[PDB]
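Each chain, written out:
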Amino acid sequence: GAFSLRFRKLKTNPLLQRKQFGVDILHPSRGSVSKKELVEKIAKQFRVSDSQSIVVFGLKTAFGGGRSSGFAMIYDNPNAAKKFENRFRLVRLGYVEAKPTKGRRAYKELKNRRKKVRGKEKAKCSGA
Amino acid sequence: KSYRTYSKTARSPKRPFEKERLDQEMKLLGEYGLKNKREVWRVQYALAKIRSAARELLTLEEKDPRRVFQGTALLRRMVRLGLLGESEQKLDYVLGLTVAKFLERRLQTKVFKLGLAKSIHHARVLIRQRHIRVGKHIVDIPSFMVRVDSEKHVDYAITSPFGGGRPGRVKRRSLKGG
Amino acid sequence: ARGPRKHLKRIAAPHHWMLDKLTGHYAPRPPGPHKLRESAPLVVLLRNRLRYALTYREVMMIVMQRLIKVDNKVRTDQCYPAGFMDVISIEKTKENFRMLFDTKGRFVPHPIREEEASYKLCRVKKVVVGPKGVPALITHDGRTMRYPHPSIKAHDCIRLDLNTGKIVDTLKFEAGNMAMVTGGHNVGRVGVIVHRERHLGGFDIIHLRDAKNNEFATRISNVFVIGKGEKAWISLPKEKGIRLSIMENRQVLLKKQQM
RNA sequence: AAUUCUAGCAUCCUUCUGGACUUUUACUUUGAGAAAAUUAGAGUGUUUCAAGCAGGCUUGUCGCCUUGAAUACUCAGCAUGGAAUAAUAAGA
RNA sequence: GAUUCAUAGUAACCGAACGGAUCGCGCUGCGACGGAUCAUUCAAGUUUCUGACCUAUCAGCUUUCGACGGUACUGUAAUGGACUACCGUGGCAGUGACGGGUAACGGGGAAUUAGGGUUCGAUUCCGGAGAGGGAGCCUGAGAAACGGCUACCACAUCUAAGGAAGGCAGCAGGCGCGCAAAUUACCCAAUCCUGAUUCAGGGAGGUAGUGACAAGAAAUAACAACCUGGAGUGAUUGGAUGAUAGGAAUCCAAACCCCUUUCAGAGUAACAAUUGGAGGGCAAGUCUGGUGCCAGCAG
RNA sequence: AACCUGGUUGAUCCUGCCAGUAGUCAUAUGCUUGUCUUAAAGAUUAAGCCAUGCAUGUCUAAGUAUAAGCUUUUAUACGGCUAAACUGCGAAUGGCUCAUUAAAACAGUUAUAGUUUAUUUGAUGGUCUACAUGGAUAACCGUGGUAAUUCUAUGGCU
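We now turn to the structure provided with this report. (Residues numbered from 1 in each chain as written, not as in the entry; some residues may be left out. Chains lettered and ligands numbered in written order. Part of a larger assembly, values for the part shown. Heavy atoms only, no water.)

**Examining the side chain of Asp71 of chain C**
Selection rule: Helix numbers and strand numbers start at the N terminus; a helix is a DSSP run of H or I with at least 4 residues, a strand a run of E with at least 2. Residue contacts follow a heavy-atom distance rule, with two residues in contact if any of their heavy atoms lie within 4.5 Å.
By the element assignment, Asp71 of chain C lies in the loop between β4 (68–70) and β5 (81–82). Those residues in contact with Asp71 of chain C that sit more than four places away from it in its chain are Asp86, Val87, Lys120, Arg143 and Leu162 of chain C.

Written out as structure tokens, the structure reads:
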């Protein structure tokens with residue numbers, strides 16, 4: 001159904017190599033806006049190189065529907081954006097694949113066993 | 001543990017059973033189309049905040065710097081809310097308020113006053129079933145209370161059958177069925 | 001008990017930071033030049049005043065670039081107490097912030113010129129003789145300038161050079177000299193000094209007069225001389241420390257919001 | 001001209017250039033200093049509301065409102081203007 | 001405000017403490033670490049004044065074994081009957097000492113609709129004390145520490161019977177007490193903290209589950225045409241939003257809820273509102289059956 | 001909302017309590033329960049007792065690398081990267097509870113000329129084989145003891 005973009009609270013941040021701003025959007029008819037569709041429109045507005053520099057988050061639709069508003073954050077380069085941004089925000093976008101770590105309870109059970117053995121402890125890694 | 005304030009919007013009266021009281025409350029239900037006696041006691045309580053504020057201020061002195069500040073802030077609310085008319089700005093006038101002044105300002109009446117709803121009861125059902133755009137965005141709640149610049153603004157929501165949208169669901173069942 | 005407390009709590013924080021009630025159980029805890037309740041940590045400048053950072057994580061990512069300096073010196077600690085009349089200098093953007101007291105009683109980073117951001121003032125706490133019989137000032141900042149003039153007494157300010165270590169311009173503490181307040185009820189108010197009472201025992205107090213002829217008092221610990229009788233060494237914030245009245249502050253604010 | 005406060009003149013100190021003396025306090029006034037949260041309360045359509053401390057303008061991009069988040073409240077103790085009232089002192 | 005203060009000088013004293021045998025990037029710059037004295041900051045220890053519930057079927061307490069004071073040690077981080085020698089005979093009390101009770105941690109505060117009050121405060125913050133009961137101690141800037149150690153007492157675990165190890169008034173969970181109280185869950189993403197630290201860790205903390213302790217908002221219908229006539233009824237038909245179930249995107253550390261929009265989704269709107277009353281106080285039946293000072297009601 | 005009704009008598013006017021009424025952002029409990037937002041919760045008596053798992057650890061260009069480890073770059077002292085271990089710092093904060101305790105604690109208000117203070121911030125300082133002093137200790141290797149543990153001995157290196 002399309003939407004109308006109009007940013008707010010812009011703050012050029014050269015220390016962090018990024019631009020931060022709230023987006024505000026108007027969409028009569030349509031139910032919400034996906035971030036894959038929003039990142040394409042905010043790219044062509046701001047004359048960006050690459051979608052991977054841009055990262056987007058928040059987005060509540062208000063009560064009633066039609067209106068919505070959220071946050072956004074245009075870096076320069078994707079490699080700077082990968083460094084300073086935490087990984088969970090990038091992942092929703094899909095730029096970076098999720099990292100499969102082991103569980104928190106399982107990790108704790110290693111180190112309490114690792115306390116008990118002095119010397120060479122590394123047999124406990126394969127054993128658990 | 002959690003740092004969240006909370007309060008009670010109403011409180012019950014001391015006498016449970018008085019025929020003087022129960023008759024006059026039942027009129028306010030019948031006029032303005034209310035669910036239960038809590039909705040009256042809410043506004044009974046809400047007035048007594050504003051009334052006890054003015055009662056504290058009015059005892060002092062007209063040149064006192066507390067009264068000239070806190071009075072003018074209180075009078076701005078009553079002009080904004082459409083509760084006292086702007087021709088009289090005296091603090092004394094706030095005392096002469098009644099519950100009927102508050103209950104004419106809520107959105108049940110201001111739909112009906114507008115006349116789209118037709119009947120007091122119908123107006124409550126139109127509010128709760130996601131019609132009636134107040135300003136920019138639609139409003140679901142009878143006990144809204146309108147701020148006088150906003151009152152001209154109430155209109156059917158853009159979405160919905162009165163508004164000019166998909167005709168709900170039951171009209172489609174008749175239309176596609178035929 | 002038993003030792004120093006490593007946590008500070010939100011709510012039990014100072015009010016003049018203006019950290020909110022929700023969105024955290026704890027608040028950042030600032031020891032450095034300045035006191036706990038007469039300072040503001042470097043995190044809540046970056047996130048809750050200047051709005052560069054969003055999070056506590058992002059302030060570490062800023063500060064460990066070595067972009068932030070104070071007093072022409074790089075401070076890597078995110079919870080460094082940056083107090084009254086300290087300069088902050090960011091090389092990217094090329095903008096500098098001298099922290100003054102706002103008229104309401106808050107910290108605010110006042111933006112200043114590049115030549116002005118060299119110097120800063122330090123009111124001397126006392127003067128004292130060190131070893132080899134050499135004299136030495138000590139400041140509110142907790143610097144210790146040595147070999148002053150004999151001229152320089154207690155309770156008065158000195159323009160430091162910062163680019164070099166040494167002093168440049170003194171000031172005296174007398175009637176008809178401009179003076180900001182740093183603490184208490186009348187904080188953020190600047191006025192000429194009319195008179196001081198002695199009270200030989202404890203707590204000297206000073207009555208002094210705002211530029212709209214309002215008279216008000218404070219203890220000498222709070223009072224901080226800026227400059228001469230009218231004029232001032234430093235640039236001042238918005239309103240110049242008048243503190244207009246409650247009904248005036250209402251009228252100006254709601255006249256703004258209607259646009 | 002009412003209502004405040006204040007200098008003189010009817011015999012009203014002075015040691016100096018603001019404090020010393022006027023028996024001493026209580027009392028009252030103004031002022032200092034005293035954490036926030038809570039409480040009252042300024043501002044603000046969290047859809048209303050309990051709340052919260054946020055927001056609001058706008059095809060402009062070193063965004064702006066040199067943005068807001070006020071203020072009150074907190075016996076004994078420290079300080080001060082004052083002619084009554086009441087203790088208390090005394091009796092060159 | 002005030003000194004035997006800072007500091008300088010003189011005459012000696014001791015080793016028991018400083019005056020760098022350390023590390024990285026690059027004649028020469030930058031900073032990592034170490035350590036002494038002096039400020040400074042985060043503190044802490046003492047300390048001045050004033051303030052509390054009931055009890056007089058508690059009126060006299062304190063002392064040679066410190067009670068109150070004095071001199072001179074000692075001890076402490078320093079001041080002190082803090083402690084030790086000698087010496088004096090004081091100190092507190094009818095304005096409540098001394099003793100007893102508390103279903104007593106203190107305060108910031110909470111409930112309570114004139115004013116004045118009365119009752120509560122284990123519990124979000126700030127102090128205090130404690131880690132089964134008492135006592136002792138090491139290391140360190142800081143502990144008389146208990147997710148450190150030694151001992152006795154009280155419980156209790158494994159033992160091959162010689163011995164060894166234990167402290168949930170941390171987070172879940174269980175037994176037991178009771179009128180009386182939740183999951184042996186997921187994660188450091190937010191908030192902060194510790195560290196050799198941009199990177200590691202955190203049952204601090206946060207998210208979900210249980211949840212009519214509680215606070216706020218508000219469904220269970222609305223409108224038509226077709227008997228009472230001085231606007232209400234009448235299941236007589238009549239056509240006009242979410243409860244629910246599943247998507248979408250959004251949210252989320254990963255699920256989930258909210259807010260949006262979606263295909264289905266009410267005609268005894270069976271998607272059916274109950275809880276207490278109907279002699280008086282107290283609003284509302286001299287109704288109709290059964291019972292017969294019985295059963296029961298009844299503040 | 002600064003509020004009052006029933007009950008002593010054959011009836012009245014009193015004093016006077018008992019009962020009624022309302023609140024709790026106070027517990028418990030009965031019956032009933034469609035929706036969303038917020039959210040107290042082993043305090044009351046047993047500061048009674050506890051199975052199992054978890055709640056304190058930590059590495060930078062920059063204290064010590066000969067893993068008989070890894071990794072492709074191939075370095076006559078030392079290529080980096082790093083398990084393990086020694087050293088440093090933390091573990092005295094936080095969290096939980098309310099049994100003690102009545103001029104005690106705590107509160108506001110002073111004082112520290114009566115003192116200790118890791119760390120932070122700023123100062124200061126040539127004056128007593130100096131191209132560099134000494135010998136042991138882990139991890140590691142070899143090897144045992146005990147039924148059993150975060151028990152550890154003897155021997156050899158640095």
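Right, picking up where we left off after that structure.
**Here we look at the protein's contact with RNA strand E**
The criterion, for reference: Being near a molecule or strand, for a residue, comes down to having at least one heavy atom within 4 Å of it. Two N or O atoms form a polar contact when they lie within 3.5 Å of each other; inside protein one atom must be a possible hydrogen donor and the other a possible acceptor, and for residues adjacent in sequence the pair counts only when both atoms belong to side chains. Each residue gets one of three labels, nonpolar for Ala, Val, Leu, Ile, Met, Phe, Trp, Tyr, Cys and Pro, charged for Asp, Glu, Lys and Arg, and polar for the others, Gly among them.
The environment of RNA strand E is formed by 88 residues, the closest being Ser7, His122 and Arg166 of chain B together with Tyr26 and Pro28 of chain C. Expressed as a percentage, the sugar and phosphate content of the atoms of RNA strand E within 4 Å of the protein is 77%. A distance of 2.7 Å separates a phosphate oxygen of RNA strand E from a polar atom in the backbone of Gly64 of chain A. Separating a phosphate oxygen of RNA strand E from a side-chain N or O atom of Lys1 of chain B is a distance of 2.9 Å. A total of five residues in the surface near RNA strand E trace back to one element, the largest contributor, which is helix α8 (residues 170–177) of chain B. Among the residues forming the surface near RNA strand E, the class breakdown is 28 nonpolar, 30 polar and 30 charged.

**Comments concerning the sheet that holds strand β3 (residues 54–61) of chain A**
Residues and elements named next belong to chain A. Heads up, the condition is: Pairs of strands are assigned from DSSP output, requiring at least two bridges between the strands. Interaxial angle, 0 to 180 degrees, is taken between N-to-C directions of lines fitted to C-alpha atoms, where a helix line uses only the stretch in contact.
The four strands are arranged β1-β2-β4-β3 in an open sheet whose pairing can be described as antiparallel. Two strands bound the open sheet, and with one partner strand each, they are β1 (4–13) and β3. Here the average twist between neighbouring strands, direction ignored, is 20°. Bridging between strand β2 (residues 18–26) and strand β4 (residues 67–75) involves nine bridges; their strand directions are antiparallel. Bridging across to β4, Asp24 finds its partner in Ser69.

**Observations concerning a nonpolar patch on the surface**
Formally: Two joining distances apply to patches: 9 Å for like charges and 5 Å for nonpolar side chains (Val, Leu, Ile, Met, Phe, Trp, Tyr), and every residue must have over 30% relative accessible area and no salt bridge. Computed with a 1.4 Å probe, the accessible areas rest on the Shrake-Rupley method; for each residue, only the protein chains presented here act as cover. Counted as salt bridges are all cases of a side-chain nitrogen of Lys or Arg within 4 Å of a carboxyl oxygen of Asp or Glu. Working definition: with a 1.4 Å probe on protein chains only, accessible area under 20% of the residue-type maximum means buried, over 50% means exposed, and in between means partly exposed.
Side chains of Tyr3 of chain B together with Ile11 and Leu22 of chain C sit close together on the surface and give an oily, nonpolar patch of about 260 Å² of accessible area. Checked against the element boundaries, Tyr3 of chain B lands in the segment before α1 (19–32). Residue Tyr3 of chain B is classed as partly exposed on the basis of its relative accessible area, which comes to 33%.

**Quick notes on the state of the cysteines**
Note the cut-off: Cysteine sulfur atoms are paired as a disulfide whenever they fall within 2.5 Å.
This model, assessed by the stated rule, comprises zero disulfides over all chains. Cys122 of chain C forms no disulfide, and the closest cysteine sulfur to it belongs to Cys157 of chain C, at a distance of 9.4 Å.

**Examining the pattern of salt bridges**
Taken as a whole and assessed by the stated rule, the structure comprises 29 salt bridges over all chains. Here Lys110 of chain B and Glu151 of chain B are joined by a salt bridge, their closest N and O atoms 2.8 Å apart. A residue pair is termed long-range when its members are at least 10 positions apart, and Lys110 of chain B in helix α6 (residues 107–114) and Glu151 of chain B in the loop between β2 (137–138) and α8 qualify at 41 residues. A salt bridge links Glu215 of chain C to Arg209 of chain C, with the shortest nitrogen-to-oxygen separation between them at 3.7 Å.

**Points about the interface of chain C and chain A**
We count it as follows: For any pair of parts, buried area is found by adding up, for both, the accessible area (1.4 Å probe) each one loses once the two are put together.
Contact with chain C, which involves eleven residues of that partner, is made by eleven residues of chain A. Between chain C and chain A the total buried area reaches about 1,100 Å² when both faces are included, carbon and sulfur atoms providing 63% of it. Joining chain C to chain A, the criterion identifies one salt bridge. For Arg18 of chain A, the salt bridge is made with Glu58 of chain C, and the minimal N-O distance between the two is 2.5 Å. Taken together, chain C and chain A are joined by four residue pairs in polar contact.

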